[PDB]
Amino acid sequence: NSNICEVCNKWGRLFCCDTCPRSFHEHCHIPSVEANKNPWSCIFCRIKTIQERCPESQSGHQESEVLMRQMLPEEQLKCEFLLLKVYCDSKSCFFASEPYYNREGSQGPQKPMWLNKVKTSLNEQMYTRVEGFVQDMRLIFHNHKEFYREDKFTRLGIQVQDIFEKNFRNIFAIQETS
């Protein structure tokens, strides 16, 4: 197994996947690494199994259809994995914890949002459809763009949103377009 966490790339108290060489800190994995379970399979392995059991699940889909799916176990897992893929980027640190807004010439957003809030919402089963999760994720970046206006720091939102969107298209097998 790897000697660093797959998400944050640090050593520490790591839990090792039994079906692949990845390792994780307890709370870097999503969901948090389960108490018992030997063997243990990580989220990457669990997603791969879904695909293998239903190869047709990789045929292209319309975003509008994906968003209306109810959050049954497989869609729950896919959203957890997509959230994890965002945390895998180091620029996610800017969006992880609760923001505050006091900048000359800007007003804070009406509905603040952050990664750890989405993480909690998923843990507590607060989303009934994929749309709920995707709307909160996109709102993180939209709030950032709006608040930072022409400061070059706005680009961090564009960057992390692009990681989100690329992974959303991959995980939910959105039909490729130009």
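Numbers follow the displayed sequence, beginning with 1.
Higher average CA B factor: 103-111, of the stretches 88-96 and 103-111. The stretch with the higher mean CA B factor, choosing between 16-24 and 157-165, is 16-24. When the C-alpha B factors of 119, 53, 61, 138 are read from the deposited coordinates, the top value falls at 53.
Among the modelled residues of its chain, residue 68 has a C-alpha B-factor that falls in the middle third according to the deposited record. For residue 174, the recorded CA temperature factor ranks within the lowest third of the chain's modelled residues. Looking at the C-alpha B-factors along this chain, the one for residue 31 belongs to the middle third. Annotation for residue 133: CA B-factor lies in the lowest third of the chain's modelled residues. Residue-level temperature factors show residue 38 in the highest third of its chain, judged at the C-alpha atom.
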